[PDB]
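A.B. asks: Structure in structure tokens, see below.
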Amino acid sequence: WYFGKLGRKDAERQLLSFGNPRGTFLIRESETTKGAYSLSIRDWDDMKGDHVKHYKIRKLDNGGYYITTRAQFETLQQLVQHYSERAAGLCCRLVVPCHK
């Protein structure tokens, strides 16, 4: 998963640079809330067939992270691996390898 500190520019640009399908994701941190991040996946309304969507994430009260309450985790790595099984309430599952 995530290569470093990118999400706004690099992420949105790279995601549309190849045209990578469902499964492509990356994690970027939120500037507006330290300790929070945003999950960047390539999601489109299927007519544009090219877009990038960002999910606003909130920090768990137990010190973990979650996108939904049906999928709460203490580490972000474990979170990636669960969403790598299926979409736990995201438009895309996290099933791609990370190659730049």
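Neighbour counts are summed over all protein chains in view; Cβ atoms, including those assigned to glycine, are modelled from backbone coordinates with ideal geometry. Each reported figure results from applying straightforward, stated rules to the coordinates on display, with no laboratory input.
A.B. asks: Name every residue in the range 39-82 that is within 18 Å of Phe3 (Cα to Cα) and out of contact with any strand residue (DSSP E or B) (no Cβ under 8 Å at 6 or more places or on another chain), in order of residue number.
C.D. replies: Selection gives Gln77, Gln78, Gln81.
A.B. asks: Here's a follow-up. For residues that are in contact with a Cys (Cβ under 8 Å, 6 or more places away or on another chain) and hydroxyl-bearing (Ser, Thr, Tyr), scanning just the range 1-25, find the one that is surrounded by the fewest Cβ atoms within 10 Å (Cβ to Cβ).
C.D. replies: Out of the qualifying residues, it is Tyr2.
A.B. asks: If you go through the range 1-30, how many residues are closer than 16 Å to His51 by Cβ and in contact with a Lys or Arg (Cβ under 9 Å, 6 or more places away or on another chain)?
C.D. replies: Residues flagged as closer than 16 Å to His51 by Cβ and in contact with a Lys or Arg (Cβ under 9 Å, 6 or more places away or on another chain) within the range 1-30 amount to 13.
A.B. asks: Say we look at the range 39-65 and pick out the residues that are hydrophobic (A, V, I, L, M, F, W, C) and closer than 14 Å to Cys91 by Cβ; which of these is farthest from the chain's Cα centre (by Cα)?
C.D. replies: Among residues in the range 39-65 that are hydrophobic (A, V, I, L, M, F, W, C) and closer than 14 Å to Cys91 by Cβ, the one farthest from the chain's Cα centre (by Cα) is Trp44.
A.B. asks: Condition (residue is in contact with an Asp or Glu (Cβ under 6 Å, 6 or more places away or on another chain) and either free of Cβ contacts under 8 Å to residues at least 40 places away in the same chain or closer than 25 Å to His99 by Cα (or both)) applied to the range 53-67: is it met by at least one residue?
C.D. replies: yes
A.B. asks: I'd like the full set of residues that are more than 14 Å from the chain's Cα centre (by Cα) and more than 15 Å from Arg8 (Cβ to Cβ), limited to the range 22-38.
C.D. replies: Across the range 22-38, the qualifying residues are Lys34, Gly35.
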